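In structure tokens, one chain follows: the form deposited in one PDB entry.
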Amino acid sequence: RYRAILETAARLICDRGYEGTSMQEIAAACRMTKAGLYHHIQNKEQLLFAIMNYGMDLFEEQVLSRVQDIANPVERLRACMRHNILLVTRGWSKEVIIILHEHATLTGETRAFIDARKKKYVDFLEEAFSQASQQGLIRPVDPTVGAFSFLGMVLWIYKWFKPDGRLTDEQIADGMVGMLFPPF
């Protein structure tokens, strides 16, 4: 219900961009009037804030919640990569893309909160790289270098991947997992 307003405004802000869209174009795209929409939402910046928070809820529901308890740290990184790739290459890519593109559009207060949620994921990856090196499950590497290589590989996917293409997202996930986390 109320999520339908976020998920529809995410489509416009994504294809057309944040600046290109106004609160009026989103009211039209909804069954509400320019007045009705402003009753559910404070302003435009807070609408963007709600979209990004919704995107992190989906990320944590489909990725972090499901892998953060995996005992073996490299098995935890492999699973995290698969879940994160599948999130990027399917329907919820709308809210994920807005988080990356519109990162700089937020105000100071709201960017601090969203980034706090992003930083928990980065710290999750770094900890897993650290544990995996100590236990001899991956070739040693600085945890920060490993985390941002992980994220660079995965999140770059939305720039080139086409679902009608030669390979499925599942085949891509297998390739990246085996290349960054091979048997060791």
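Heads up: residue numbers just count along the shown sequence, starting at 1. Only residues modelled in both forms are compared. Definition used throughout: the rigid core is the maximal C-alpha set that superposes within 1.5 Å between two forms.
Form deposited in another entry: not shown, discussed below.
Core-superposed comparison between this form and the one not shown: the CA of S93 exceeds or equals a 2 Å shift.
Between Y38 and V96, the C-alpha separation shrinks by 3 Å or more in the other form, relative to the conformation displayed. Shown here is a form in which the CA atoms of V96 and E7 lie at least 3 Å farther apart than they do in the other form. When the two forms are overlaid on the core, a lone consecutive residue run of 3+ whose CA positions all differ by 2 Å or more between this form and the one not shown maps to 90-102.
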